[PDB]
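Protein chains in written order, with the UniProt record's numbering: chain G, 2 to 51, 80 to 106; chain B, 1 to 191; chain H, 2 to 172; chain S, 1 to 234; chain W, 2 to 97; chain Z, 1 to 36, 45 to 77; chain A, 2 to 138; chain P, 3 to 199. A virtual CB, placed ideally from N, CA and C, is assigned to each residue, including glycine. These notes concern the structure reproduced below.
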RNA sequence: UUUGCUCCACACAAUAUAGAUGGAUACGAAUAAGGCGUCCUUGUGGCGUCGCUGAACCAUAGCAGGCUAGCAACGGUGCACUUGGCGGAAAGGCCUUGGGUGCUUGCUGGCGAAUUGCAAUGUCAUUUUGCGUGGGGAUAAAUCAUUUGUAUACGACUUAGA
RNA sequence: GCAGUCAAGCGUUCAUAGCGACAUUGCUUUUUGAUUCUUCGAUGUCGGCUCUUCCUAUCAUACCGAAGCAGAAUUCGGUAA
RNA sequence: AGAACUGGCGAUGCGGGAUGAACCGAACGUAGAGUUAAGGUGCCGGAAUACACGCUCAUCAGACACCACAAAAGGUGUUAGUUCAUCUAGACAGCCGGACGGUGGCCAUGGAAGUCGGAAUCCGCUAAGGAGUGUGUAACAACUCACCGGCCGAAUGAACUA
RNA sequence: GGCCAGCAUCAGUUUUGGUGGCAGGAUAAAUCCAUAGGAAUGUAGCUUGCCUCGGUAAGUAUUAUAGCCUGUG
């Protein structure tokens, strides 16, 4: 009966989202974030056991001069 | 025939100050302030007086003069809302399942929450429009009062309750349940 | 075209049984003499059985406005044959000259009742001497005391394809 | 007239518009009565029930009471001296002040003035007047008289009247087993209240005729004496 | 002449063209909607599909017919050693 | 939503010339069928009605004054 | 302290005594007083001090100017010219910056080559003066 | 007269602007149209959305990848309106179209360049008051174009920067106006006044 | 790689025009409304003024712009530097600090110009590549063949090998 | 369908010379759901297997409106491919 | 469909109608210049986004032929008209009031009082008020209109045509 | 003497401007002037009510401290 795109069932889903489901998502995420912090701490703890530049400037200037010299510019003529 | 000039008169009371620049109308008075954007109507205002304002259309058709009286009446409803204030009273009635209508703060906002409508386990949430006050009369059982400076907001939110409790797939000659506007009035009563 | 008003005066060709026949005059609005004289002959055909070959034109004379710079309320009387019968009409035309009023009415018939210059019969045009005698509100709306109206939303005709300012619809 | 216009709703009833000739007839009857009778009082009967008017009209036979448009009566008597009908009569058309009746008569002025001083009948407390009482509709099943005869003496108000009680009268009514019912007593008006329309429509609905009616008579024109005496019995 | 007996299409027209994927590592064409209130997390990961095996699961699905009953499930084992960060890329939001 | 097909306004040559044939046929049949006034009209909103009425009523004498010697 | 404020657009009005500017035709650039209103699009104008014959003209042919003078409805050319004189309409017009821009364009269009050279050198002199005035305070 | 004419798209009618620009391009003139998302069409919004969906029905039935291509961005809607006004299947038509650049928003370098308007295509001077009209950005968003919020954000930023620029320029023209008025009565100023300057 | 490659200072060959020849000269918004200036009580405020087109504004004089002498100001402007800040939509531009050297038609002088023979675009940009001209910086990969089988009709794909 | 009828209108000059929408009446197998359980020359070869798409004049599913629609079900209608 | 005539095509290009046996234009050697026809002048496309008077907004306008069909009508779209009617003895729209008396007329029946029905359908009193226009009641009650009247103040209604 | 051109004075065809002199007509109608009447979209004045402070409402009055219409010349 009621389709996937059904407004009624989607609205029941949306009411349900904000309850137990988003709670469980956010709590799960907090736990995984703490595990990541543990992981980085362990790794740093084993660690203690021991323009942009001239390249990009010439690159861009050449590219723009080639586009102006072959008449192939999106932005200028 | 194009009327050379057709006019309507918006009479401002003693306590009200209205500001109209580029067809954006601000109306300020004792009960607060209202603003409406009238930039879709090609209409011309004029302060003939501190107590009267003339709204006029030059060289207008039959459809264009139909919008003068609308504009005048909209500004008039603003003025009455900012002085008298609009007060819609709704009465909810039921046969077997008592409707439970409460006001709840869901997520920093304000909601009318209708429950048990014909025994529905569904909870019906009607957002409260800004500037509309939802009050529950105690002197009369099962009645909601909506009040605000804007007739548009109050009437729309009242109609939103009216429609959120529409009876579906039942004979509405026998199933009389719902939330009905009983009385449309003014907050004051009498001035 | 741009109209002129003529009088066209004619009569039947004289006979042994009748010298000096009656002279008949019509005031005729037309672009030029030739159209006006043909117009005369058509109407004289319809009014009574006078053939163009049986009569002549005794005169044709352009009629000008006595005061071609005084705005008058004109009451114009028209019959026509569009599009499915025949009709009477009466149009008020606030205007300066009879020929301009007639040209305005011909444009109005072409615009609304979709009728050509050959389908329109001007029966009588009269300067309403008294403003109380005007009957149409679209003309009676310009007769009011101390009349003023703006011309809102002025559109400025531009001789240039491009403009360097956003245009203004002021005064 | 150009389109999108309100459609005139007509029905198939018998009686027809009267027209100009009825006003002409009233005009001429007033004229002939002026020529015939002597005393012409102007009577103010602004809101008068027809049985009252017919009883007043039949509490004498040898006289005549004429009503109609106020403007046509002021016309018949005449607006001013330049258009009046009898010497010093325009002082009467200046005294036609609403629903006006003309009482042509030959009865002595004392008789008429005492009769119109002392005639009274009860009416409904018509709106826009001081309220002559205060009735509170009791709580419970509302009956036809709203308690003015006891509950066992009155019959319940028709259930079909409840939409009017709830919408046109603004009385908070319920239907409990087919009987109109208010949960709490409802007062309609207080003594001394300047009645609104809905108060006076509620009072008429319960048949509350606590108020009274009497004819407000202003000046009368004495025909032969050709003068008007400003009697005023409000 | 209309189709005599109506039958649904063989196949899916939204999985076309059925060509060889341009790379062995499938692209991620959409990442979960960023919520700045939460702490920083990675939205995906990389592993290698090792194979499949069989699981008995003590199913706690209330309202089901297998509620409080062991159910045998097939599962896929993805070998996932830790991945190591080596770079950042910043994306600007442009009208193209 | 799903806008349907819009009929073409591009007339065909065949249709157009067929319409010409139909219209000619209709003219000829109308002539064949055709082979088998109550208003002097002085308008009721013209302002000078009474003046022109009186003028032309004065001109009804000539149709009977002169004809006999 | 608290009054209603409504921004009224101050439209030029087509009124008896409004003076117009005929932008095209045989009367180009000449003033003319509106004498009577014919209809929404056409009026009767009169410009006797500038050489404009009394005529009925479309409102799209003329430009309303801010200047208005008292003038009875339907005034013949004699009283139009008299009231034009008495109200100093030409003076009020020529004082307006609109007439100054028009006169400036007519003066520039008549410059010969020598005067254009003189304009160049004078503008360079005023440039030296102004740029000295700048960078100074 | 300019080498490149950067036309502000806002408030212009699609067909009339397209015709003006097409005749400009065919005449050898280089045109850039910016702010293609505030460009206007006559008729209510639903009517033009319906006309676009009518266009959007068209597709080669046997292989939809070679049918009409329904480009959604307002620059491309304007470009389609313009390409129908040029014999684009020729070398002359192709050459003329390549004198045209159309953008949403105002990207560099044209944000620092003067923008013009075409009055004979401006909705204000053309379309009678009270008649409904369609803004092209709304239409494009409604039928698929998915960068309206981006362009709105960047246009708000560009307006902030340009407002700063205009404040500075108005301060400087206040200074220059004071200077020219202080020299407005000298002998050379009166001489220039005699010559209409 | 007779040092191939790249980035910096000159001399010319080849030059190239979907069409240079004073300057694409930057608010936003409204259009039945606004711009600008000023004031306060900083507003949908007051006052003034403006449009009615860019027919504007800036530039603009010199052998296609030479060589020189002064006056007056300390302004404008060019170039190569340098100071700081801003610009990520396609930023590749905008603004700013300081000195250095020119120019200055803001004003007044001195000399040259011819013969291109009465016109012939009468060539005045950069557009780049390059044989070279003398100073810097840089020191890889890909394919085939072999191999793999997460792929495969063949190409292709995915691996491995100093 | 035929034959009538009425007449909104039309013609008009005469509304009876004539046309003429809608509405309606006679004809069709017996008024008490029995029969009428009841067949009567297609000068025609198109039709199924697989498979795709389109139409909407919608059978279903979605949402609506009107009904003695209590509920359940149904009927009629709308948007909808 | 038959007759009689006259034109067009056959044998014939060219301009126009986007296209083309039947349409509009057009005296076919090779060219030059001018002017035109029919058709046009936003762009495609040579040529006015000319001037001017109106009308039209179409949730798939029209650009088109028309004593052509679907076509006779339907529409609280808009415009111009025609005829008739009402109107300072107060018009249209609103509220407010009266809306009566014989009488609950006769018959019917469980009831039927203007309003389930069948037939009468009159009189009085009137400014006006049906032996009742509809909602209503078991019947009544009440409300309502049609009809008058009070307040307001000046134009309005109806049928038709384009 | 070959190729390509510029200018001038002409001839033929033609296109587009500037300007002059006449003729006609209601011997243009008009505008303008003079005059005789007249009215309202009534000017001054006058009367009166209302007052927000000299303005305001309706009467009166035919040029007056504005004008207009018509006829004739």
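C-alpha distance - residue i paired with residue j, whole-angstrom precision
i                     : j                     : result
residue 96 (chain W)  : residue 138 (chain P) : 15 Å
residue 50 (chain G)  : residue 43 (chain G)  : 11 Å
residue 95 (chain H)  : residue 43 (chain A)  : 10 Å
residue 62 (chain A)  : residue 72 (chain A)  : 22 Å
residue 163 (chain H) : residue 80 (chain P)  : 18 Å
residue 141 (chain H) : residue 149 (chain H) : 14 Å
residue 171 (chain P) : residue 2 (chain A)   : 37 Å
Residue i (DSSP reduced to helix, strand or coil)
i                     : result
residue 86 (chain G)  : helix
residue 80 (chain P)  : helix
residue 118 (chain P) : strand
residue 68 (chain A)  : strand
residue 50 (chain W)  : strand
residue 115 (chain S) : helix
residue 23 (chain G)  : helix
residue 120 (chain H) : helix
is_contact[residue i, chain P] using C-beta, thresh 8 Å
i                     : result
residue 22 (chain G)  : no
residue 105 (chain G) : yes
residue 58 (chain B)  : no
residue 131 (chain A) : yes
Residue i at chain B interface by Cβ criterion, 8 Å
i                     : result
residue 163 (chain S) : no
residue 46 (chain H)  : no
residue 132 (chain P) : yes
Per DSSP, cross-strand counterpart(s) of residue i
i                     : result
residue 217 (chain S) : S:43, S:233
residue 109 (chain B) : Note: residue 109 (chain B) sits in no beta bridge, so no partner.
residue 19 (chain B)  : B:26, A:6
residue 87 (chain B)  : B:147, B:185
residue 179 (chain B) : B:92
Neighbour flag for residue i against chain Z, beta carbons, 8 Å
i                     : result
residue 102 (chain H) : no
Minimum Cβ-Cβ distance from residue i to chain H less than 8 Å
i                     : result
residue 112 (chain B) : no
C-beta neighbour in chain G for residue i, strict 8 Å
i                    : result
residue 36 (chain P) : no
Interface flag, residue i vs chain W, CB-CB below 8 Å
i                    : result
residue 34 (chain G) : yes
Short CB-CB distance (under 8 Å) between residue i and chain A
i                     : result
residue 39 (chain B)  : no
residue 172 (chain H) : yes
Problem set entry | Contact list for the segment 65-98 of chain A against chain B, Cβ threshold 9 Å | From the segment 65-98 of chain A, no residue has a Cβ closer than 9 Å to chain B.
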